[PDB]
Every structure is written in structure tokens, then in C-alpha cells.
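See below for the structure under consideration.
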Amino acid sequence: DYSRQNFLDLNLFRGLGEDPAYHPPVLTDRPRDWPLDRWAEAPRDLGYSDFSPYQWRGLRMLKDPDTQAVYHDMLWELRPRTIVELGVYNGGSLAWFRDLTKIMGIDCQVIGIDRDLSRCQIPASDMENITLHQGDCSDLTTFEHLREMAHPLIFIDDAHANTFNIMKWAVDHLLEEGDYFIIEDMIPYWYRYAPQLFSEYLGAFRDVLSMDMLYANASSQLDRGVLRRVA
Amino acid sequence: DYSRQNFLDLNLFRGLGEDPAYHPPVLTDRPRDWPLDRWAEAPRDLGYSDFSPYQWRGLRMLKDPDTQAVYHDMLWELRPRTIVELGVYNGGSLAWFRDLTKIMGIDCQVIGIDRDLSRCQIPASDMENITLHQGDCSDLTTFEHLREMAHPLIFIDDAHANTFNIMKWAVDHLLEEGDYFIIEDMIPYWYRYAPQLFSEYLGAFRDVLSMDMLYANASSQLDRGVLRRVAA
Amino acid sequence: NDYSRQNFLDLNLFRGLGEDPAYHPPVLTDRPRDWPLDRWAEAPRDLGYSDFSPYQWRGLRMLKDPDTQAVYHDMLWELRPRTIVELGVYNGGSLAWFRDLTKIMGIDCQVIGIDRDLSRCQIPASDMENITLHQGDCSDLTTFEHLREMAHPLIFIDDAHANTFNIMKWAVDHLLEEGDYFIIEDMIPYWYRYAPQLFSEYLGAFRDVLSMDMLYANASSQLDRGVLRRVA
Amino acid sequence: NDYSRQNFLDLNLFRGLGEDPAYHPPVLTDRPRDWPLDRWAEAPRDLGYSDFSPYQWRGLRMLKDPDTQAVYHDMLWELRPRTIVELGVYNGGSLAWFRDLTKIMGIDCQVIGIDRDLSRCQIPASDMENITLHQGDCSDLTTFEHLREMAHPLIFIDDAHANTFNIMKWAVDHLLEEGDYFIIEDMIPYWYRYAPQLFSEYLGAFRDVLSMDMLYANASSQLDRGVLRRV
Amino acid sequence: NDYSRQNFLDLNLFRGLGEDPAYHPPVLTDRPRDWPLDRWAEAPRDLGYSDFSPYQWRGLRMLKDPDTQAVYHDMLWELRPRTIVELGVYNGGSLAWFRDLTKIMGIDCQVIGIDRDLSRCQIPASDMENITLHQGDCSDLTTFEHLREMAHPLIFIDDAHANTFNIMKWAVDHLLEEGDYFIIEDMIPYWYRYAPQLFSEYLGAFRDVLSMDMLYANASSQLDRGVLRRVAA
Amino acid sequence: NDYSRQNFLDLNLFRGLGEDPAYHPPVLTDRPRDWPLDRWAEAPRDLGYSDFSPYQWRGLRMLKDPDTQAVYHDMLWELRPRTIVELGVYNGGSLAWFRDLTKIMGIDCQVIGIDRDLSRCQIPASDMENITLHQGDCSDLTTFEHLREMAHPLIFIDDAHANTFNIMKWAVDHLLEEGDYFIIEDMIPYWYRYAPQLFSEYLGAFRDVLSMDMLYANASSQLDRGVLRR
Ligand SMILES: C[S@+](CC[C@H](N)C(=O)[O-])C[C@H]1O[C@@H](n2cnc3c(N)ncnc32)[C@H](O)[C@@H]1O
Ligand SMILES: C[S@+](CC[C@H](N)C(=O)[O-])C[C@H]1O[C@@H](n2cnc3c(N)ncnc32)[C@H](O)[C@@H]1O
Ligand SMILES: C[S@@+](CC[C@H](N)C(=O)[O-])C[C@H]1O[C@@H](n2cnc3c(N)ncnc32)[C@H](O)[C@@H]1O
Ligand SMILES: C[S@@+](CC[C@H](N)C(=O)[O-])C[C@H]1O[C@@H](n2cnc3c(N)ncnc32)[C@H](O)[C@@H]1O
Ligand SMILES: C[S@@+](CC[C@H](N)C(=O)[O-])C[C@H]1O[C@@H](n2cnc3c(N)ncnc32)[C@H](O)[C@@H]1O
Ligand SMILES: [Mg+2]
Ligand SMILES: [Mg+2]
Ligand SMILES: [Mg+2]
Ligand SMILES: [Mg+2]
Ligand SMILES: [Mg+2]
Ligand SMILES: [Mg+2]
């Protein structure tokens with residue numbers, strides 16, 4: 001088996017999964033319809049190992065429900081005119097953000113940037129108020145090609161490359177008082193691995209960004225990574 | 001002062017709160033804008049009560065995030081034409097179910113039943129495809145006066161009163177194959193307090209209802225309480 | 001279809017009580033009672049039965065768990081109350097226990113029980129020395145005004161959880177003297193969770209007449225932050 | 001340099017017991033006993049003093065914590081013992097408790113306590129009805145030989161924790177009848193930890209005479225897997 | 001302000017490593033080192049510094065924490081390896097430790113560190129007895145082809161986590177004899193989380209050659225379900 | 001009936017030691033050593049043997065667990081002790097470890113083990129280099145008065161736990177120099193719990209001569225709040 005098979009690097013699926021396309025979970029060790037006469041003997045665990053088993057309208061979502069409630073609250077209060085997502089994957093959170101603002105009556109343009117848009121599962125007929133843009137975050141030439149968009153604005157780092165140089169770029173070019181810059185996932189790990197540089201780098205933005213303590217502790221993905229532009 | 005006062009029974013607010021109207025959390029022991037030069041010294045706890053801090057479009061929502069996820073998947077799968085909810089309170093979940101079905105392209109009437117609609121706060125401008133009904137759940141006539149409903153259907157007990165007689169009524173007079181009958185919150189408590197009677201009660205429905213294992217363990221509010229109608 | 005051959009009680013009747021007020025010794029199911037000592041190490045480690053309210057006193061169900069009993073023992077040994085009033089009797093377990101404890105300690109104490117329904121009380125007719133029963137609703141302050149004078153010190157215990165703050169106001173003005181207790185069992189953590197603004201205002205109204213007794217207030221989950229006494 | 005003046009007692013003398021046999025009511029160290037109700041939400045939530053062995057019965061210390069008390073209540077109510085031998089006494093709170101408890105149940109029970117040292121016993125002489133104290137060492141089997149006229153049923157409790165297994169032999173042969181209990185408090189878990197193969201061998205020797213009562217044997221951490229009775 | 005003047009490193013450069021491969025003792029910031037004994041009760045109970053990776057060996061940082069050292073000690077003692085390979089070297093603390101432990105145990109064992117970048121290695125040149133350094137990328141199997149043929153038993157440790165299953169395939173067919181270990185540190189729990197189906201199949205293709213050693217595989221959180229060896233069933 | 005004939009040892013003899021001073025590797029009972037990889041996810045995740053005191057060094061049982069070994073490694077690295085006294089020797093595992101660790105650090109350290117009973121000790125004579133054993137009860141001070149003069153710096157470790165505070169007094173008055181350590185293992189949490197009042201007084205009697213070293217005192221559950229110096 002091993003000799004007649006070339007192996008993929010499982011690092012490619014880091015925090016993403018094996019398949020960008022959504023598939024409902026399969027139960028492997030119980031029936032789906034458990035009989036009520038044996039109700040007490042039914043197993044109490046989830047029944048499936050699916051990595052991040054969350055979806056919006058048939059599209060995988062890497063934002064888990066607690067993260068979703070924070071963004072709900074944030075969209076409701078800010079009524080953002082632009083949401084930029086750095087890192088697209090399957091585009092599920094793109095479609096989620098456009099749909100949420102649509103239901104809230106907020107006229108919001110959702111912009112998604114990725115190096116690799118081939119994984120995006122959103123059909124063409126469902127792309128109203130959603131623009132894609134191919135390009136690396138490993139270089140800032142990607143971001144300069146932006147038709148100057150409306151405010152308020154939420155800028156979400158979901159690609160985790162060159163992040164502080166991008167935050168610098170965002171303060172110098174794009175962000176206005178009240179706008180958010182959000183770093184998903186990485187902050188607690190960066191403080192863990194490099195406390196001193198992290199403390200200094202974040203501290204270099206003391207006069208331009210603050211940490212929003214309404215939302216910063218409300219989800220584990222956004223944990224201490226919700227920042228906004230101060231006056 | 002206590003001599004002046006006359007004190008309300010706080011049990012009125014059990015599992016609810018004191019104001020059906022939503023208000024953003026209020027920070028008590030910290031500023032909203034933490035300085036980044038002191039990022040490491042910032043308090044790590046939530047900063048407010050975790051009781052029921054959720055909302056949908058300015059309306060309080062007593063369905064927490066993991067519950068919302070189960071209901072999204074369920075709505076996406078079943079594509080229900082009618083959702084009935086016992087217990088309306090502020091209307092948050094009614095507006096949410098209506099909204100979620102609408103953005104999915106599903107034609108879904110949402111129906112709310114409650115003995116007290118005076119706390120519902122969904123503006124009429126936002127009430128499309130929602131029908132409220134006043135009536136006590138303890139009285140079966142509340143349900144006998146309901147009109148024909150389209151299927152598939154999801155019937156959700158959130159009032160917690162007279163539940164097993166209501167489930168009996170729904171099986172004989174409403175639920176068709178594939179429909180859900182969900183009991184929110186109550187099942188772990190009833191089983192803890194009255195395990196033998198609960199088991200016997202639930203097992204009495206063994207030929208008509210099954211526990212849906214895809215959803216029954218995925219949220220603590222819905223825990224062991226997601227049921228659906230099986231073939232006759 | 002057993003459900004159609006049955007009527008269903010509201011399982012809310014058994015909230016935090018259980019199905020049967022009579023005590024029955026717990027019974028093992030998935031193991032023999034006598035485990036052979038050659039297989040000692042393979043014996044299951046779990047309780048073997050439900051840990052919901054399994055406590056008793058001389059064949060009467062007792063809804064006070066051991067840590068609560070420890071608190072009341074200490075409190076009785078310090079205060080030596082002449083009177084113990086218990087709102088909410090259920091099956092009489094804590095009544096007989098309060099009378100028995102005070103008798104062992106050489107304390108001449110009258111125990112009084114107040115309940116809307118004394119039909120579940122299982123105390124033998126022969127074991128009612130220094131115990132008095134009153135049928136009445138806590139929702140009417142009449143129940144308490146008609147009570148005849150009682151000796152002090154005195155411990156008043158809310159275990160019925162209805163009209164609690166109006167009763168506390170009544171008890172401060174017309175019953176409690178310096179050093180007497182008013183104890184709200186179980187309920188205080190829940191009211192603070194569900195109604196923090198009103199709960200803090202209501203408790204604050206009593207700031208000049210009652211204080212939290214920190215020696216007992218944190219020593220049991222049932223009495224958690226619920227032990228108060230009269231000031232001069 | 002105060003260390004040079006003193007002779008230091010061996011703190012191992014106080015192992016699992018405390019400094020003083022006499023009961024001393026807990027002292028709140030960092031709070032007032034009366035907490036103002038207008039600042040109710042600010043009050044500390046922890047116990048407020050050491051939870052080591054703060055339990056008592058009628059002004060005497062009790063080294064049996066409440067969960068153990070409840071087990072022994074259930075066992076006394078079921079068995080209705082005419083005799084309760086306590087090996088190891090200390091202050092005598094357990095003696096007075098067992099005697100008081102049997103007495104309110106209408107059980108006519110004699111309570112016998114054995115100990116090498118009865119000077120720590122604090123039961124007043126007036127309050128010694130149906131209690132008998134005996135001064136011997138547990139290691140030496142002659143202590144037990146010197147009386148055995150006891151009515152049944154009978155509960156035998158080891159709190160001395162010395163020469164326990166030889167004592168259990170003498171018990172099965174020269175004392176216990178069908179239904180009588182033999183209880184090893186506290187030590188069983190620890191002896192399985194340090195000497196599993198030996199403990200298993202020693203215990204397994206009693207397979208034909210004694211069994212583990214599974215109704216009571218997991219109901220309290222002090223009694224954990226130490227409640228045995230004759231079959 | 002200060003951010004305007006700065007150019008920021010990608011903090012992923014330090015993922016699981018730290019900012020400095022050189023060892024620096026922890027230092028206290030919020031208490032005195034010498035706590036007075038008359039106030040012993042009041043002294044804080046927490047560690048007093050970051051527990052990320054504070055471990056060392058003879059002045060060199062060690063990314064293998066104590067419970068993992070205890071497992072490798074047992075395994076060295078039982079197996080008595082003549083060769084220990086270490087994919088990914090970093091500062092060389094583990095290399096110096098493996099060589100020292102085998103030396104103290106009386107085992108004649110060569111230690112071979114492989115890595116794309118050996119500049120971070122802090123082992124003094126005067127203390128490199130029975131240690132060999134090869135510089136090459138792990139993604140490319142050219143790095144292992146030119147390796148001299150080593151004595152067995154052998155322990156092969158993946159601490160670089162790149163192209164890991166192609167290297168495991170190559171190890172089985174070109175290097176691993178019966179009894180030898182192939183240890184994947186850190187990654188297995190994470191790979192099963194993100195890619196449960198693809199991971200279970202890949203591992204399972206080695207069911208005829210490799211097995212999981214249950215004496216060591218649950219004995220440390222870094223080695224968690226990743227101690228394999230060329231042994232049957 | 002196997003019980004009627006047997007004469008049972010006191011199991012308290014094994015309190016905190018175990019039944020055998022010699023090292024025997026852990027053994028699997030409820031599973032195979034080689035789990036098949038096609039059932040990898042099915043394999044049990046628990047350790048599979050008793051976690052009591054499974055540790056060793058060179059075929060010798062070691063009652064110092066891994067977290068305690070890291071603390072002592074750091075302490076040796078920083079202080080560079082010329083002498084290490086261990087009260088309580090048992091199998092001699094900690095002693096051989098201490099000698100080995102000092103030697104590989106290039107430190108010239110004599111290790112001195114004291115114990116009432118040296119019969120359990122199992123170091124081969126071949127590996128006894130730089131280890132001096134002494135027989136004596138800790139329960140009486142004569143054991144320490146017969147000790148010869150020792151090189152500094154020095155680490156005095158108590159693992160016997162008898163007569164400890166008197167021995168600490170002796171050590172301050174007759175042995176310890178500035179910078180030297182006196183470490184009480186295992187016992188300090190327990191003595192505070194059972195006798196907080198006398199323990200506080202006793203430890204506080206030493207306030208002018210010893211201090212709790214906070215860099216090491218909270219780093220191990222065996223050394224927890226018992227790492228002292230000066
Ligand atoms: C899947 S996450 C995006 C999260 C997504 N918006 C969501 O929450 O559903 C990471 C994505 O960022 C992309 N990415 C990683 N590094 C990048 C880089 N250097 N430049 C552009 N995109 C990158 C990956 O292709 C991947 O699709
Ligand atoms: C807050 S929950 C409703 C949950 C709501 N759907 C949500 O998630 O936002 C409880 C509601 O049930 C109602 N209720 C309680 N008992 C009832 C009864 N017997 N009949 C009808 N409604 C009842 C209460 O008035 C209250 O509004
Ligand atoms: C928890 S039981 C009492 C516990 C009992 N004191 C003990 O410790 O074992 C609650 C009792 O309160 C009674 N009860 C509930 N509401 C009441 C009310 N409004 N007035 C009087 N009794 C009430 C119920 O009938 C029930 O017997
Ligand atoms: C744990 S205390 C007894 C506590 C009390 N019986 C209870 O359960 O609440 C242990 C007692 O056993 C006694 N003891 C300890 N070793 C003994 C021995 N070898 N022989 C006789 N008595 C002993 C001690 O004097 C001490 O008072
Ligand atoms: C976890 S550290 C090595 C652990 C070290 N042997 C120890 O335990 O003390 C990871 C090392 O692997 C190296 N590395 C990362 N990716 C690599 C690759 N693709 N090829 C070769 N080495 C790589 C890094 O440069 C780094 O030095
Ligand atoms: Mg992300
Ligand atoms: Mg509810
Ligand atoms: Mg209660
Ligand atoms: Mg004891
Ligand atoms: Mg690693
Ligand atoms: Mg030790």
C-alpha cells in the first residue's frame with residue numbers, strides 16, 4: 001500500500017480541512033434514528049470527527065458559532081459599508097458577511113483577497129456585493145490595487161502572513177477612526193512563542209489602534225485580536 | 001428602603017431576564033479601548049454576565065450560538081415550509097427563523113404561540129411571514145384551533161408546559177413523516193428528577209417518533225431532545 | 001402506540017423533588033452488591049445509582065445534602081435556637097432532623113413547618129413531639145400573620161421559594177430579633193443570574209436590618225450566599 | 001535568630017489529625033463575619049478558612065466528613081447494629097456520634113473504642129452512656145483477645161491503620177458473623193497505589209469469607225473501596 | 001508613530017521555537033527571588049514566568065520537555081540504539097542530550113542531526129564527539145540519500161514535520177530494520193484533527209511494516225500517538 | 001482458605017516507596033504492545049499502567065519525577081555544587097543521577113547519601129564513583145555530627161522527612177554557607193495543611209538565615225514551596 005502511493009503533505013490542510021466543499025457529517029457507529037424505547041442508552045458524544053463542521057447555505061465556514069455571534073453584534077453596531085477578508089478559501093464567510101449585512105439592511109461591499117481563488121465554492125449567480133482579488137499577502141502590491149471603498153470598514157486578517165506589515169499598511173492607507181482591524185487565531189500563539197517581539201510590535205501601534213474589550217474576549221478565534229482605529 | 005417597597009416574585013424572570021428588550025453589554029471594570037502598549041495586562045474574562053447575551057438584529061435571542069448552528073443545518077436540510085414555536089417571549093427566534101428561511105430561498109411561515117404576547121418586540125415592519133397566537137399551552141384547545149399548515153414542519157417546545165400531552169396531540173393531528181418535534185432545555189432536567197417516569201413517557205412514542213442523532217448531541221439546549229416523525 | 005393509551009403528567013410537578021416523597025433505598029443495576037475480593041481491582045468506580053437527592057433521615061427523604069447538614073449542625077450548636085421555622089416541608093425529613101438534632105444537643109426547640117400541601121408529609125404520628133404543621137400558601141401573607149408568638153433565638157428558612165422578599169420584609173418587621181436567621185436555600189445564585197439589577201436592589205433595601213453571615217454563607221452549595229441574620 | 005532557641009516537634013505526629021484534639025471553631029482570616037448587603041455582589045465566594053478537618057459533633061471534632069456520615073447513616077438504618085467497634089479513637093467525636101445516631105434510630109447499640117492513647121479523648125464522663133474505652137495497641141493481637149462478648153449485628157471500623165490485615169484475620173475467625181461489617185477507612189486506595197500486587201494478593205485471600213459492599217463502597221472518598229462484609 | 005518607522009518580522013518565523021535559540025534563564029518580574037519565611041503563607045503559587053519552553057541541557061535550550069525526556073530515557077535504556085537520527089536540529093540541545101545519555105549509559109551511539117539551516121546550532125565544537133551534522137532540506141529526499149550506512153538498532157525522529165509520509169516511506173524501504181523506531185513528534189494529534197480521513201488511510205498503509213508502540217505512545221504529550229516501530233501486528 | 005495461614009506484612013512499610021526497590025519496566029495487561037495501524041484511532045489513549053512512580057535512571061528506580069529533575073538540573077547548572085547531601089537513599093537512584101549530572105556538567109561534586117537502612121540500595125560498585133553512603137537515623141542528631149567537613153557550594157536535600165526542623169537548625173548552625181540550599185521534598189504542603197499554626201511559626205523562626213527561592217519553589221509538585229537557601 002505505502003510503496004504504491006505518493007503522499008500529500010498534511011501541512012497543506014492546516015486549519016482548513018481536506019476538502020473546501022461542504023459535505024454533511026456521516027454517523028459511523030450509530031443509526032441516525034435512535035429508538036425512544038432505548039433513549040437512555042444512546043451515546044452522548046457528537047458522533048463525528050469532522051474538523052470544523054459549520055456551514056452557511058451549503059458552504060463550509062471556518063468561523064465557529066461564537067465567532068459568528070461576535071461578528072453579528074459588530075455588524076449590528078458598526079453598520080459597516082465595507083468588509084475586507086484577507087484569506088478566502090471556500091468563500092463561505094464571504095457569502096455569510098454579505099448575507100448578514102443584506103438582512104440587516106446595511107449596504108455593504110464584501111471584498112475577499114486570496115493567492116488561490118480556485119477553492120472558492122460560491123456560484124456566479126450568488127456574487128452580488130462580493131468582489132474577489134487574486135494576489136499574495138507576502139507582498140503589499142496586492143492591497144494597493146483597491147478602488148477606494150466606503151466606511152465604516154472591517155479588515156479581517158485570515159491569511160496570517162506578513163501580518164504586522166499589513167497592519168502598518170492598513171493604518172497608513174485605509175483605516176479611518178472607528179474601523180476595525182482583526183487578527184483571527186494567531187495572537188495567543190504569537191504571544192506564547194515570541195512574547196517580547198509581539199509585545200513591542202503591538203505596542204508600536206499604541207497611538208493608532210486600541211483593543212476592543214467588548215468583543216476581544218468573546219470568542220476563542222478572535223481572542224485578544226479585535227482592534228479598531230482610535231481618534 | 002424595604003418598608004416602602006413591595007417586591008416582585010423574581011421567579012417571573014427564571015431563564016428569561018428582567019427586560020425582554022435587548023441592550024448591549026456594559027463594561028463595569030475596564031475601558032472599552034485597551035491601550036496596546038499594555039496589551040498583556042488586559043483582563044481575559046468576558047467582562048460581563050454570560051447568562052443570555054445573544055441577539056438577532058436588536059432583538060434578544062434565547063438560542064445560543066451552538067443552537068443556532070444546529071437549526072441552520074436543520075433548516076438547510078429539511079427546507080421546512082412551517083416552523084411553529086411554543087414560547088415567543090421577545091420574538092427574537094421568530095424573526096431569526098423567518099430571516100434564515102428567507103435568505104435560503106425557502107417559503108416558510110413562522111408561527112408563534114404564547115400566553116403573553118405583550119413582551120414581543122418585533123416591529124410590524126419586520127413581521128412578514130410571522131403569525132402570533134395567544135393561548136395557554138396547558139390547554140389543548142390552543143392547538144386544536146390552528147389551521148392547516150404546510151410541510152415539512154418543525155414544531156419546537158420552548159414553553160415547557162404540558163409537553164407530553166402536546167406531543168401526543170402533534171403526532172395525531174400535525175406531524176407527518178420527516179417533521180421535527182423538538183423539546184428545548186427540559187429533557188436533561190426531567191430525566192434527572194423523574195428518570196423512570198420520563199423513560200416510560202418517551203418510550204411510549206417509540207412507534208411514531210425517533211431521536212435524530214445527527215443533531216441531538218450538538219448543542220446543550222437541544223441536547224437529547226431533537227425528535228422527528230417516522231413512517232406509519 | 002402506548003402514547004394514545006396514556007395520559008401524561010406534567011413532569012414539572014417533580015422539579016427538584018423527585019417522583020415519590022417516600023424514601024426508597026437505592027438499587028444497583030449493572031453489578032452485584034457483593035463484589036468478590038479476588039476481583040477487587042476490576043470493580044466499577046462510579047456510584048452505581050443516581051446522585052440526585054439520595055439522602056435520608058430515619059427512613060424519611062431529606063432534601064438537604066451532607067454539606068448543608070454540616071452547616072446547620074454548627075449553626076444549631078452556636079445559636080441554640082428555641083424555634084426553627086421551615087417554609088416548604090415536602091415529606092417532613094428536615095423537620096424531623098431539625099427536631100432530632102436540637103434534642104441531642106439538649107436544646108429545647110420547637111420546629112414549625114409551613115406548606116401549601118401537607119399531604120406528602122411522611123412523619124409517623126408518634127414522632128411529632130415539638131413539631132407543628134400549618135397548611136397555607138406563602139403567596140398570601142395571611143399564613144404568617146396568624147402565627148402565634150415564638151421563642152428566640154429563631155431560624156427562619158425559605159425552602160419554598162415563593163413571595164420570598166415580601167416574606168423577608170414581613171419577617172424583619174414582625175418576627176426577627178437580633179441574631180435570628182433568615183436563610184434562602186438554593187434560589188439566590190439563580191435570581192442573581194437571571195435578574196441581577198433587581199436582585200441587588202432588593203437585597204440592598206435590607207442593608208440596615210440584615211447582613212450576610214460569612215461564617216456559613218460559603219460552606220454549602222444549597223445555602224450559597226443565602227445565609228442572613230438580623231441586626232439591632 | 002529564633003530557630004536556635006526552640007526544640008521543634010515532629011510535625012508527622014499531626015498527620016491526618018491536626019494540632020489539637022479539642023474542637024476550635026473556624027476563624028475568618030480576611031473578612032468580617034457580617035458582610036453588608038448593599039455590597040453583596042462583592043463578597044468573597046471561597047470558604048474563608050482551612051477546609052482540612054473542620055467538622056464536629058456536639059462540640060467535639062469529627063474526622064468523618066459529611067459524605068462519610070451519610071453513608072454510615074444509611075448503613076446503620078439498614079443493618080441496625082447491636083455493636084460498633086471503632087479501632088482508633090482520637091478525641092472521641094466519632095464514638096459520641098455513632099452512639100447518638102444509633103440512639104435516635106431506636107437501635108440498642110454498644111459502641112466500643114480502642115486506642116493506645118485515650119488521653120486525647122474529650123467525651124465528658126457524664127456523656128459516656130453505651131460507650132466503652134479500651135487501652136491497647138493495635139499491632140498486638142492480645143488487645144482484641146481480651147474481650148469478645150458482643151451482640152450482633154456488628155460493624156468493625158479500622159481508623160488506627162496499623163497491622164490492619166492481621167487484625168482482619170482475627171476478626172473473621174473470632175468475631176464476625178454473616179452480615180457483620182469490616183471497614184478499612186482511608187488506606188485502601190493508598191495501599192493499592194504503593195503495593196498493588198501485594199494488596200491484591202492479601203485482599204484476595206479473603207474471597208471465601210468477605211465481600212465488597214458495592215452499595216456503600218463508592219459513596220464516600222474516606223470509605224472508598226474499603227467497605228467489606230461477611231457472606 | 002513608532003509603527004511608521006518599523007519593519008516587522010513575520011512572527012511565524014518563531015512558530016514553536018522562540019525568538020532566540022540561545023538559552024537564557026527565566027527571570028522574575030513581579031516578585032523578589034528571595035521570599036521571606038515569616039511571610040511564607042503569602043507567597044504566590046504560580047510559576048512566575050512563561051512556561052512555553054523553559055527547558056535546557058548544559059546551557060543549551062531543549063525543546064523536549066521533561067515527560068518526553070522520561071520516555072526517551074526508558075526507550076534508550078531498553079533498546080540500546082547504535083544510531084539516533086534527528087530530523088530538524090535547531091540549537092542542537094537534543095543532539096547533545098541524546099549523545100550524553102547514551103554515553104552515560106555505556107551505549108556506543110552515533111547521533112545525526114539533519115536540518116536546512118544549522119546556523120542556530122549552539123553546540124560548542126569542542127563537545128561534538130559522536131555527533132554529525134548534515135545540512136539539507138527535508139522536503140527533498142536528496143538529504144537522506146547521501147547518508148553513510150549506520151549501525152542498528154536505530155531511532156529516527158521527525159522534528160521538522162515536512163513531507164513526513166514520503167520520508168516514512170523511504171525510511172521503511174531503505175533504512176529501518178526490525179525493532180527500529182520512527183517517531184513523529186508533535187504533529188499527529190493536529191493532523192488527525194484537520195485531516196481525519198486522509199490521515200487514517202495514510203498511516204494504515206504502513207500496517208504491514210510499522211506499528212504503534214503502546215508502552216511509550218501515551219507517556220508524553222509531545223510523542224502522543226506517534227511512537228512507531230518496524231515490528232509486527 | 002489462603003488467609004487463615006498467611007501472616008501479613010504492614011503495607012505502611014511501603015508508604016510512598018512501593019513494594020520493590022529494584023526497577024521493573026511497566027507491563028501492559030489490557031492491550032497488545034503493538035497496536036495495528038489500520039485501527040490507529042481505535043487505540044486507547046490512557047497510559048495503560050500505574051502512574052505511581054514509574055520513573056528510572058540507568059536501571060535504578062527514581063522517585064524524583066520529570067518536573068523535579070528539570071528543576072534540579074537547572075539548579076545544578078546555576079549553583080555548580082561541590083557537594084550534594086541526600087537524606088533518604090532507598091534504591092540509590094537519585095544519588096546516581098546527581099553524580100552523573102554533575103560529571104557531565106564538568107562539575108566536581110561528591111554526593112553523600114544518608115539513610116537508616118542501606119540494604120535497599122542497588123547501585124553497582126562499578127558506578128559508585130563519588131558517592132559516599134552513611135548509615136544512621138535522622139531521628140537523632142548524632143548522624144550529622146559524625147559528618148566530615150564538606151566543599152561548597154552545597155545542596156542538602158531532605159527525603160527522609162523525620163526530625164526535619166531540628167536537622168535544619170543543625171544545618172544552619174554547622175554546615176550551610178551563604179548560597180547553599182536546604183530542600184524539603186514532598187512534606188511542606190502536607191505539614192501546612194495538618195498543622196498550619198506550628199508550621200508557620202517553625203518556618204518563620206528561620207526568617208533571618210533562610211529564604212524561599214522563588215525561581216525554583218513553584219516549578220515542581222515534589223519541591224513545592226520547600227526550596228530554601230542561605
Ligand atoms: C481558510 S483561511 C480563510 C478564512 C475564511 N475567510 C473563513 O473564515 O471562512 C486561510 C486562507 O488564506 C489563504 N492564504 C494563506 N496564505 C496566504 C497568502 N500568503 N496570501 C494570500 N492568501 C493566503 C489560504 O489560501 C486560505 O484559503
Ligand atoms: C423565553 S422562552 C421563549 C423562547 C424564544 N422563542 C426565544 O428563543 O427567543 C419562554 C416563553 O414561554 C412562555 N410560556 C411559559 N408558559 C407558557 C404556557 N403555559 N403557555 C404558553 N406560553 C408559555 C413565556 O411567556 C415566555 O415568553
Ligand atoms: C423543596 S420542598 C421543601 C424541602 C424541605 N424543607 C427539606 O429540606 O427536606 C418544597 C416544598 O415547598 C412547597 N411549596 C412550593 N410552593 C409553595 C408555596 N407557594 N407556599 C407553600 N409551600 C410551597 C411544596 O409543596 C414542597 O413541599
Ligand atoms: C484517624 S484518628 C481516629 C479518628 C476517629 N476514630 C474518627 O473516625 O473520627 C487515629 C487514631 O488511631 C490511633 N492509633 C494510631 N496508630 C495506632 C496504633 N498503632 N495502635 C493503636 N492506636 C493507634 C491514634 O492514637 C489516633 O487517635
Ligand atoms: C522543533 S525544532 C527541532 C527540535 C530539536 N531537535 C530539539 O528537540 O531540541 C525544528 C527545526 O526543524 C527545522 N525545519 C523546519 N522545516 C524544515 C524543513 N522543511 N527541512 C529541514 N528542516 C526544517 C527548523 O529549521 C528547526 O531548526
Ligand atoms: Mg483563520
Ligand atoms: Mg428556553
Ligand atoms: Mg435546599
Ligand atoms: Mg482516619
Ligand atoms: Mg517539534
Ligand atoms: Mg520525594
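Chain naming here is simple, since letters A, B, ... match the order of the sequence lines and numbering starts at 1 in each.
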Task: Residues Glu78(F) and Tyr216(F): side-chain donor-acceptor under 3.5 angstrom - done: yes

TODO: Measure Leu9(D) against the heavy atoms of chain F and call it side chain, backbone, both or neither at under 4.5 Å.
DONE: both

Open item on the list: At a 4.5 Å cut-off on heavy atoms, which part of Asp51(D) comes close to chain F: side chain, backbone, both, or neither?
Closed with: both

Open item on the list: Less than 4.0 angstrom from a charged side-chain N to a carboxylate O is my criterion; do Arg229(D) and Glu177(D) meet it?
Closed with: no

Open item on the list: Quick check on the interface: out of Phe14(F), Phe206(F), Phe199(F), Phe52(F), who has the most heavy-atom pairs with chain D under 4.5 Å?
Closed with: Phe52(F)

Task: Heavy-atom pair count under 4.5 Å with chain F, highest-scoring of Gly18(D), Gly204(D), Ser50(D), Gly16(D) - done: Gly16(D)

Task: Pick from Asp208(F), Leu198(F), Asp10(F) with the largest number of heavy-atom pairs that fall under 4.5 Å of chain D - done: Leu198(F)

- [ ] For the pair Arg5(F) and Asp2(F), find out whether any cationic side-chain nitrogen is under 4.0 Å from an anionic carboxylate oxygen.
- [x] no

Task: Contact origin within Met187(D) toward chain F - heavy atom pairs under 4.5 Å - done: side chain

Task: Per-residue contact mode, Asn12(F) against chain D (heavy atom under 4.5 angstrom) - done: both

- [ ] Flag this pair as yes if the NZ/CZ of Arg15(F) is under 6.0 angstrom from the six-membered ring centre of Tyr190(D) and inside a 45 degree cone about the axis; otherwise no.
- [x] yes

Open item on the list: Can you tell whether the side chains of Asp140(D) and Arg116(D) come within less than 4.0 Å, N to carboxylate O?
Closed with: no

TODO: Among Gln6(F), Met168(F), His161(F), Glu19(F), single out the residue with the greatest number of heavy-atom pairs under 4.5 Å to chain D.
DONE: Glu19(F)

Open item on the list: Which atoms of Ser4(F) are under 4.5 Å from chain D, going by heavy atoms: the side chain, the backbone, both sets, or neither?
Closed with: both

- [ ] Say whether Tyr90(F) and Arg61(F), considering side chains only, have a donor N or O and an acceptor N or O under 3.5 Å apart.
- [x] yes

Task: Under 4.5 Å from any heavy atom of chain F - which part of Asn166(D) - done: both

Task: Pair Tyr72(F) + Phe98(F): ring centers closer than 6.0 Å - done: yes

